[PDB]
Structure formats: structure tokens, C-alpha cells
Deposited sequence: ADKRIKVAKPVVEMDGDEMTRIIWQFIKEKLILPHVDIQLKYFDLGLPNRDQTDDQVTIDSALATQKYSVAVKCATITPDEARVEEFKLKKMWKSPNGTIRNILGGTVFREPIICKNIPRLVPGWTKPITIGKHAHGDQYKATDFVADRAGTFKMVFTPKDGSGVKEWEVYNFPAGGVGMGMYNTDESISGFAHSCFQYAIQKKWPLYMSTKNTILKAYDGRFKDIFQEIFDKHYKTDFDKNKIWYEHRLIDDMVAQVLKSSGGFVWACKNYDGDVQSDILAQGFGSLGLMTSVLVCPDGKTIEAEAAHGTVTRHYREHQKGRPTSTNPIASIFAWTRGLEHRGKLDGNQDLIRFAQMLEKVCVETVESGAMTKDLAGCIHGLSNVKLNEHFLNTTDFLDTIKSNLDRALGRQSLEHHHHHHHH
């Protein structure tokens, strides 16, 4: 049992992933790792009870202890309010955490040699660098229930000329929203993508729709171009790599037609959508890592890219067995452990974390998998039996 000097922030979640998480912690991590966990229940009942304070606390603890492992959580809508008897529609915990921590979320597939791809052309993996700040996740939206003028107004701190924009004169009912991003957050996002692309010796592509959002998306295009020209142009030339900005509509088709082997800088929203296309295309949502790398180059939050997988939980609620892939949730733990071991200089912790990752891949390659992966092969084991095979193979590998 490996002794761990510093703690790891643990963010418990919801539904099917909460079930998988409990097994990982109690049967895969804690039996072989003497680790202190700063436990934060990000389960929807606890978030409602604490009036979403538990979310902010888990993020501040992450900034403090440098490492977080997050279970998928429910982002409530009108239907969840009825289902859980909530006080209100709480903001996305992911949105709250990412806005507090900041940075770039790096997402990439967990490759298994035996799993056929839905996109055979993708011979090499692709990494998405998703901007973790602002945009839709920090937007203010409303229902306009009558006629009225929708205006935007920017009042500078320096008391210069007040700017005013008439967005829309509503003739009747509708919807409106406002959102923002900062030069400093875009800069940190840009630096992280150029640094990762150099490290991988891979070209970097950044996508926007600047032809439409000329000022909003144009700033992303401008900031990335400026930073490349000043700090990374020479390094990119030395490593025989390149940087290119493409329109999102073009980029997505370019990706699908490609053979992989590149870094893709995505805006916040595109990052979510496109990483799920990548994860599915390579094999499954259960086969993708997701790591938030903060601008300080020390703090991380590892998670799965998928959700609480509600549809599989509904079957469980009926007493029926399920076939939910836990590998991504396992990799949230291992990636959080690898980083803990890297900071502490604990070679034993890194070695265990690398070994649990390897057992996951080996188990799939040995023909033991969940329905999502069996479907890739022919068009399988239940959740608990696949997890038991992981536990068996990890104990067998520990000797």
C-alpha cells in the first residue's frame, strides 16, 4: 500500500457514474493507496442542500491541494427540479469549477487495439484543447415574455464614452442572452495549446466562426496569431510543425477526412461537442480522458468527458443490469494520481496509476468489455462484472 504525502480533492457525482466511482475508490484505489482524500459531495441532493456552496468549496480546495478527481454530475433543468425537488436550477458544477480554476481541458481517446473505429481513417489519436472559461458556461440568458427593446451597454471604469447597442426590438415573445470572454483567459488558452503542440511535435489548428462573430471570435484568431508570431513561430519551425486557424464548418470536415495526429484548439462549446465526436469516432465515450490544466501549470482536475449516463441509470432504477464503461472514470483517478505522484516525486504512485491504466486497456484487448465496445466489434459484460474483471486483473498484475 503506497503512502501519499499530500491530499487529492475528490468530487463525488451522480447516477450511474456515482455507482462506478464508489467501486473505483473503495475497490481499486484505497486497497493499494494510503491517500488522504478531501471529499466533496457534488451529488445533486448535496448541491441543493448546501445551495451549491459545496461546488465552490471543492474548487477552492483544488486551488489549494493542486489535484482534483471529478465524477460526472447532473446539471439541472426544469425536469430535474421536479425529479429531485430542488430549490432552483443550479448552475453546472463543471462551469463553476472551470471558471474558478481556469485553463484548458485536454481531451483525447483511450486507444484499445481490438476496438474498431466508427471513422476508420483516424489512424493516429487527436487531442482537443478545449477553452475552459467563459462563453455559454458564464452566459446570462432570459425569456422575454413581451414586446420590448433588448440593449447592451458597456460602462468603462475609466469613465470614458459609454457604449450602447440595440440588440433587438422584440415584436413579441422570445429569448435573449449575453456572454463574454477575457483577453487574459484566451491568452492562457493559446499558450497552453502552443506548449502542448510543441511537446507532442504535432501541428496545431484553432477553429472559430470569426466571419460571423467578427469581434468576439476575431479576438481568438488575433490573440492566437499574435502569441504564435511572438513566442512559438521559431519553435514550430524547428520541430517541423505548423499553426493554422480554420473556420469551424471547414475544420470539422477537415478532421473527419484526416488521419489524426494533431492538436485542435476548440472554443468552450465546440470543445464539448467535438470531443464527443472524437470519443465516439475512436471507439466510445467510455474511452476518452479529460484533464483541466490550470494556467499556473500545477493545478489539475481530471474527469471523464461523458455525463452521469442517465439512460443506463434508468435501467438500474428498474432493477435491470447495465453495461456502462468505467474506463474513463478509472482514468480520472489514475491521471489525478499520476499528477499527485509527479508533484510529490512519488515514483511508486505514478507506477501504480500507469499500471491501472494498462490493466484497463489489457482487459479490453483480452476480449472482456462492456456493450458500448462490443457494439464496435459486432454491432459483453455487465457493469459490475466488467469492474470485477478489472479488480481481478489489477490484483493479478500486482504480482
Exercise. Pop the missing stretches of the deposited sequence into a list, counting residues from 1 and keeping sequence order.
Key: 1 to 3, 383 to 391, 412 to 424
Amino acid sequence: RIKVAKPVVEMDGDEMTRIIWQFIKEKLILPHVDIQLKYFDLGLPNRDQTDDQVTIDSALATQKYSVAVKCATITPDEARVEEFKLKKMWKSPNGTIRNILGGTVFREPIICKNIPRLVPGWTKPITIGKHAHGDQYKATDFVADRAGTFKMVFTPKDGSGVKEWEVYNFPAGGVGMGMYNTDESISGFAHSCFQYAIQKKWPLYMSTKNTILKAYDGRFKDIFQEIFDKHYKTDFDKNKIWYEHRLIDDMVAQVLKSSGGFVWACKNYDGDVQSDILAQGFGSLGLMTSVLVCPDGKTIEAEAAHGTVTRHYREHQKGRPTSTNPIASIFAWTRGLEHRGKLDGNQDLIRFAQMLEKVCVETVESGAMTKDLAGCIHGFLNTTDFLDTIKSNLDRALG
From here on, numbers count along this sequence of modelled residues.
Exercise. Compare the mean C-alpha B-factor of 36 to 44 with that of 326 to 334 as given in the PDB entry, and name the stretch with the higher value.
Key: 36 to 44
Exercise. Identify the stretch, either 80 to 88 or 218 to 226, whose C-alpha atoms have the larger mean B-factor according to the entry.
Key: 80 to 88
Quiz item: Which is it among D270, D183, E303, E164: the one with the largest CA B-factor in the entry?
Solution: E164
Quiz item: Considering only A139, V291, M152, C71, which residue's Cα atom bears the greatest B-factor as recorded?
Solution: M152
Practice problem: Going by the recorded CA B-factors, say which third of the chain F236 sits in, lowest, middle or highest. | Solution: highest
Quiz prompt | Record-listed C-alpha B factor of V175: chain third | solution = middle
Self-check item: Chain third (lowest, middle, highest) by recorded CA B-factor, residue given as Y313
Solution: middle
Practice problem: Rank-wise, by C-alpha B-factor, drop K257 into the lowest, middle or highest third of its chain. | Solution: lowest
Self-check item: Chain-wide C-alpha B factor ranking for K130, given as lowest, middle or highest third
Solution: lowest
